[PDB]
Amino acid sequence: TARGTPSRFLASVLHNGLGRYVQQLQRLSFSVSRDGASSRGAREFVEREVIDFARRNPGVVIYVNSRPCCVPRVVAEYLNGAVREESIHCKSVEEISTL
Amino acid sequence: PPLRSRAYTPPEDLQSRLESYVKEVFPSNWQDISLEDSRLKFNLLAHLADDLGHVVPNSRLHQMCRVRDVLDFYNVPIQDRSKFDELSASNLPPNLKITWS
Amino acid sequence: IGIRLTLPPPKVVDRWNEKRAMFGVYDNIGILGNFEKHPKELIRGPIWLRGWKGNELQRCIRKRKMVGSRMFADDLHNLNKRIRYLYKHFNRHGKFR
Amino acid sequence: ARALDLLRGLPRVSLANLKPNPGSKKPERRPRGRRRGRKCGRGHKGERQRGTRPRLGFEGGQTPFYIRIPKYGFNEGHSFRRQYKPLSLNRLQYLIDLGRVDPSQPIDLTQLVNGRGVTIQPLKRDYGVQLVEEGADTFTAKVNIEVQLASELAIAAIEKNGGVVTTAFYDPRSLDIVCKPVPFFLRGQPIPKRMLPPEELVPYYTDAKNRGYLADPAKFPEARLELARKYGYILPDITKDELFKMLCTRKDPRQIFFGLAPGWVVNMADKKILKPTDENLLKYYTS
Amino acid sequence: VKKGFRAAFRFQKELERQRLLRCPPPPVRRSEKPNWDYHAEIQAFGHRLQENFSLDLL
Amino acid sequence: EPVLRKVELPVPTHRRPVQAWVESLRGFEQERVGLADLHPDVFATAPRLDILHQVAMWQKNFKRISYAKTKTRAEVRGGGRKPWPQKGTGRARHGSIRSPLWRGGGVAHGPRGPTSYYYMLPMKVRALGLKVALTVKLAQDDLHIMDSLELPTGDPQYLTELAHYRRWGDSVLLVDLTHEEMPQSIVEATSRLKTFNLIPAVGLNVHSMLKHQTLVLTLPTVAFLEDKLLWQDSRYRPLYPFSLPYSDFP
Ligand SMILES: [Mg+2]
Ligand SMILES: [Mg+2]
Ligand SMILES: [Mg+2]
Ligand SMILES: [Mg+2]
Ligand SMILES: [Mg+2]
């Protein structure tokens, strides 16, 4: 609800489009379990979708590791310091690509 | 005790080597020899696997009707690289880092 | 509050003890044994339920018939009351006639 | 095959992978939520909801439908009206062709059942088989069939091809023995002796028109020639047949199996047949 | 004791979350937390701005 | 010296048999000792995993008695008298201190008595499941064949090492013909181990096969299996239980 929620004003990071557009996401960490059943969509994404995404976005450093051992997750870090986690456990490859 | 590797590299002279073995057991047009007989099928495949270090799987012994099919099967290689080392072998872009152990 | 705070002790299950490693063995004693025995003849359990199924009323009736005369007095009286009630319910109450 | 090739490149099958066939395991219904349960489907207040509505068929006091319609003996006696399982000639031919019954051997009830040609239920007041005329055309077989009834058309169909048909009788106690003999030989009882028909049926089994097993075996030729003369064929002389010795064979009354005498005891464990010798026992059985 | 494990672990995670709002950890270099390789990071810093920095000088 | 084996029962004229290697346990590198032929309808049926599911679920549930009882409202101690009159006081109406409502009362709808869950599938379905399991464990390079389960010495280390040498898997289900004729070495070795299980052919079942990864039959066992499982297609409907004597059925 509005009253029960924070708010802000419409803004950008560093006047992004003024001089030159810059892509805010700068780091992306994938944790994908090599065995877990919930890490199936994640394994598909890494096996046949992460290379293309890396090529299309060369300003984002993508790390992927295989030591959650039961649950995957993607942690996105931005230029302005903000972090943002998203669950990719029990999701399809389409859903992970869209996310 | 020293475990054997699944990796198989089909030799270039295979089509020649195979024929030597055929001469040991069985005319022209040998690609179409039938193997409904089982004694000779066993002798041939045992020789081939003792040489090339590769036995046919039980799931592919009824798909080998003719020696042509044996040649076809021996023309496909097997990779002994798990996803571990196939991921970090595709000239990853510089901005993607994988970690394995 | 109705939620525990510390984590429970880990329930370690040994998926390869004798009872699990040999489950189901001899469940085709009939088909693979010239039909000398039948699968039901491996069901270990109550005298009145080995190889039979039914709703509660039939189960209680069967218990009464086969071990009713071996039951303790109070258990047997409870069983008779239960049969009486179930009869009334299954034969007079319900959505469907 | 094709699918067996698919399985090679899929993960190993195990108890972690199984599934029910879609459409089989219909989901369950429980009264929880705003849809399933607020009154859980039972409706407004009223004896419908409480589970106390009258017995099945109570029309609210108006005289029920199944009580305002008079009684009539549509079913009186039904437990004693005897029943017979039809054995159409179509079915007999079909069984002969595929090698289930053997026409080079007398066809009794035992050999109809041991070939799974008909299913006899003694306990439901089936007394035996009745040949029915269906398929009289296209029936071409030389069979010595012993049944428990026969329409005259079936008698024709069996004669026209040089065959003998005889209507026997079996009482409810011996019919079970003849239909499923191996159980009886397991019980250990000595073979009983067939009872004679009831009062109402002797005029049936003592008439040549029906090839009865108690009618005199001298009025038969007149019946056979009469049937042939009515149905426009020539009664073949069976006496010259290559295996007429077989078409002649018959079971005398008071016998269940062909080569077994009432009073014997079959020992299947040792492959033996035990016969009595006390004079009183023989007297009782031979009658 | 209610028998189970999922609710217990869920509550532990929620407690940890609350314990990382009060008493937040002393902030530390991003070059010490996990998932860090300097080379990829500096090259990405280059490519992000649309500039061909010489790697040694940068 | 090869050890061949032909299929005995008739094959339909439109299907060729399937084949498999015949290995030995007498040595680490004694695979491909011979070549064996296997009847198509028992080792190459349609995959049919859903039947495997039906059979495994029956094999789980048909032998279950649930020993859970909860005292109904009339089986709990006491509870006869009306606690307080209906009209006078200001409390809720109650006609016993043992209703389900009250603390310490009885369950309105709870596990009643020991419950049986038994049911039997058509025998043909269970035989079909056996055939499906065998063919799936063949198609996926998991079924093996052995001339015999003989071993050089009963030391379990040898058997587990050998199973490691050939990518058998975590667990092996060895099947022999009769419980009395299993050789001394294999029975001694497989008593100590945990994931290796030795059963006689009469005990083969779907669940115990889908559990273990690798299935290792002796040759007499495959003969026995072909005989006993091909008997189901092309048999009459029964006239009485097959335990009673029949003309042709041992
Ligand atoms: Mg329900
Ligand atoms: Mg009135
Ligand atoms: Mg009471
Ligand atoms: Mg009351
Ligand atoms: Mg209580």
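Rules behind the numbers
- Every chain's residues are listed with numbers counted from 1 in the order the sequence is written; these need not match the entry, and residues without coordinates are not shown.
- Just so you know, chain letters begin at A and ligand numbers begin at 1, following the order they were written in.
- Any value mentioned applies to the visible chains, which represent part of a larger assembly rather than the whole.
- The basis for every side-chain value is the complete set of non-hydrogen atoms in the structure, without hydrogens or water.
- What counts as a helix is a DSSP run of H or I of at least four residues, what counts as a strand is a run of E of at least two, and both are numbered from the N terminus.
- Only C-alpha atoms enter the radius of gyration; for comparison, a globular chain is expected to reach 2.2 Å times N to the power 0.38, where N is the number of residues.
- The contact criterion used throughout is that any non-hydrogen atoms of two residues lie within 4.5 Å.
- Within this scheme the basic residues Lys and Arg register as positive and the acidic residues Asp and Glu register as negative, but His and the chain ends are omitted.
- To locate a charge, take atom NZ for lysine, CZ for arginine, CG for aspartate or CD for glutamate.
- We define buried area as the total accessible area lost by two parts upon association, computed with a 1.4 Å probe and summed across both.
- We count a salt bridge whenever a side-chain nitrogen from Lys or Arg sits within 4 Å of a carboxyl oxygen from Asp or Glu.
- Each residue gets one of three labels, nonpolar for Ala, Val, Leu, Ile, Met, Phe, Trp, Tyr, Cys and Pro, charged for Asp, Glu, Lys and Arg, and polar for the others, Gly among them.
- Throughout this description, buried means an accessible area under 20% of the type-specific maximum (1.4 Å probe, protein chains only), exposed means over 50%, and partly exposed covers the range between.
- For two strands to count as paired, DSSP must find a minimum of two bridges between them.
- Viewed with both strands pointing away, a crossover whose connecting path from the first strand over the helix to the second turns clockwise is right-handed.
- For helices, the fitted axis covers only the stretch in contact; all axes are lines through C-alpha atoms, and the angles between them, taken along N-to-C directions, range from 0 to 180 degrees.
- Under this definition, polar contacts are N or O atom pairs within 3.5 Å; protein pairs additionally need one hydrogen-donor-capable and one acceptor-capable atom, and for neighbouring residues in sequence, both atoms have to be side-chain atoms.
- Within this analysis, patches are made of residues with over 30% relative accessible area and no salt bridge. Like charges are joined at 9 Å or less; nonpolar side chains (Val, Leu, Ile, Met, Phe, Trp, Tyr) at 5 Å or less.
- Note on areas: these come from Shrake-Rupley sampling with a 1.4 Å probe, and a residue is covered only by the protein chains present in the view.
- Aromatic pairing here means that ring centres of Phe, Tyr or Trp (its six-membered ring) are within 6.5 Å. Orientation follows from the plane angle: under 30 degrees is stacked, over 60 is edge-to-face, and everything else is tilted.
- The criterion for a charge sitting over a ring is simple: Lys NZ or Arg CZ within 6 Å of the ring centre, and within 35 degrees of the ring normal.

As deposited, the entry is annotated with cryo-EM as its determination method and 2.89 Å as its resolution.

A.B. asks: Can you walk me through the overall build of chain F in this structure?
C.D. replies: The number of helices and strands found in chain F is 7 helices and 8 strands. Its C-alpha atoms give chain F a radius of gyration of 28 Å, clearly above 18 Å, the size a compact globule of 250 residues would have. Across its three principal directions, the C-alpha atoms of chain F cover 100 × 50 × 35 Å. Taking contacts inside chain F between residues at least 6 apart in sequence as the whole, the part at least 24 apart equals 73%. In chain F, the 34 positive side-chain charges and the 24 negative ones have mean positions that sit 26 Å from each other.

A.B. asks: Any chance you could explain the interface of chain C and chain F here in plain terms?
C.D. replies: Where the parts come together, the accessible area they lose is often given as the size of the interface. Tallying the contact residues gives 35 residues for chain C and 45 residues for chain F. The three residues of chain C that bury the most area against chain F are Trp16, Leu32 and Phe35 of chain C, which together make up 22% of that side's buried surface. Linking chain C with chain F are 3 salt bridges, by the criterion used here. Notably, a salt bridge pairs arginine 112 of chain F with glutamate 56 of chain C, separated by 3.1 Å at the nearest N-O pair. Of all the secondary-structure elements, those providing two or more residues to the side of chain C that touches chain F are α1 (18–21), α2 (56–67) and α3 (73–92) of chain C. Broken down by element, the side of chain C that touches chain F gets its largest block of residues, 3 residues, from α3 of chain C. Here the residues of the side of chain C that touches chain F sort into 16 nonpolar, 8 polar and 11 charged.

A.B. asks: Looking at this structure, how should I read the pairing of strand β6 (residues 172–176) of chain F?
C.D. replies: The two faces of a sheet get side chains in turn, since along a regular strand they alternate between them. All names here are of chain F. Of all 5 residues that make up β6, 5 are buried, and the element is covered over most of its length. Side-chain alternation along β6 places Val172, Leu174 and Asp176 on one buried face and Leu173 and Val175 on a second face that is also buried. Of the pairings in the sheet, the one linking β6 to strand β7 (residues 196–200) comprises 5 bridges and is parallel in character. Across the sheet, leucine 174 pairs through a bridge with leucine 198, a residue of β7. On the question of chirality, the crossover connecting β6 to the parallel β7 by way of helix α5 (residues 184–192) is right-handed. One ladder, built from 4 bridges, connects β6 with strand β8 (residues 214–218); its direction is parallel. Within the sheet, the bridge partner assigned to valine 175 lies in β8 and is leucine 217.

A.B. asks: Looking at this structure, how should I read unusual backbone geometry?
C.D. replies: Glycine aside, the phi torsion of most residues is negative, and most peptide linkages are trans. Within the chain, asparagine 35 of chain E stands out as a residue other than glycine whose phi angle is a positive 60°. With respect to the secondary-structure elements, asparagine 35 of chain E resides in the loop between α1 (6–19) and α2 (38–48). Using a relative accessible area of 24% as the deciding quantity, one classes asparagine 35 of chain E as partly exposed. With a phi close to 55°, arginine 167 of chain F is a non-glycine residue in the positive phi region. Assessed through its relative accessible area of 32%, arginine 167 of chain F is described here as partly exposed.

A.B. asks: When you look at the sheet that holds strand β3 (residues 73–78) of chain A in this model, what are you seeing that I'm missing?
C.D. replies: In a beta sheet, neighbouring strands are held together by backbone hydrogen bonds and run either parallel or antiparallel to one another. The strand order across the open sheet built from 5 strands is β4(A)-β3(A)-β1(A)-β2(A)-β1(B), with neighbouring strands paired in mixed fashion. Strands with a single pairing partner mark the edges of an open sheet, and in this sheet they are β4 (83–86) of chain A together with β1 (96–98) of chain B. For this sheet the average axis-to-axis angle between neighbouring strands, irrespective of direction, equals 15°. In the sheet, strand β1 (residues 25–31) of chain A pairs with β3 of chain A via 6 bridges, with the strands oriented antiparallel. Within β3 of chain A, the residue paired with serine 29 of chain A across the bridge is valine 75 of chain A. The sheet contacts of α2 of chain E involve β1 and β2 (61–65) of chain A together with β1 of chain B, and relative to β2 of chain A the element is tilted by about 145°.

A.B. asks: How should the interface of chain D and chain C be read in this particular structure?
C.D. replies: Tallying the contact residues gives 8 residues for chain D and 6 residues for chain C. Interface area for chain D against chain C, summed over the two sides, is near 550 Å², with a carbon-plus-sulfur share of 47%. Ranking the residues of chain D by area buried against chain C places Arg42, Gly51 and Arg53 of chain D at the top, with a combined share of 66%. On inspection of chain D and its partner chain C, the count reaches 0 salt bridges. At the junction of chain D with chain C, the criterion picks out 3 residue pairs in polar contact. A per-class count over the side of chain D that touches chain C returns 2 nonpolar, 3 polar and 3 charged.

A.B. asks: When you look at a nonpolar patch on the surface in this model, what are you seeing that I'm missing?
C.D. replies: Residues and elements named next belong to chain D. Taken together, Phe65, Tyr66, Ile67 and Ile69 make up a surface patch of nonpolar side chains, about 460 Å² in accessible area. Tracing the backbone through its elements, the reader meets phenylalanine 65 in the loop between α2 (47–50) and β1 (83–88). By relative accessible area, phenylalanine 65 is classed as exposed at 55%.

A.B. asks: Please clarify how the packing of aromatic side chains should be interpreted in this entry.
C.D. replies: A ring pair, where both rings are aromatic, is described by two values, the distance of the centres and the angle of the planes. For the coordinates displayed, the defined rule picks out 28 aromatic pairs over all chains. Here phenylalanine 184 of chain D and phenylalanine 185 of chain D contribute two aromatic rings whose centre-to-centre distance is 6.0 Å and whose plane-to-plane angle is 70°, an arrangement assigned as edge-to-face. Considered together, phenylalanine 184 of chain D and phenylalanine 185 of chain D belong to a single accessibility category, that of buried residues. Judged by centre distance (5.2 Å) and plane angle (85°), the ring pair of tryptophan 231 of chain F and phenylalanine 242 of chain F falls under edge-to-face. Taken as a pair, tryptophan 231 of chain F in the segment after α7 (219–230) and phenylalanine 242 of chain F in the segment after α7 lie far apart in primary sequence, 11 residues in all. Neither residue differs from the other here; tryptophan 231 of chain F and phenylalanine 242 of chain F are each classed as buried. Grouping aromatic residues by their ring pairs yields a cluster made of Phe35 of chain C together with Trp231, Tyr240, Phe242, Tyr246 and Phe249 of chain F. Lying across the ring of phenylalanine 23 of chain C, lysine 63 of chain F places its NZ or CZ 5.4 Å from the centre. Above the ring of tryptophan 16 of chain C, the side-chain terminus of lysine 211 of chain F is found at 4.3 Å from the ring centroid.

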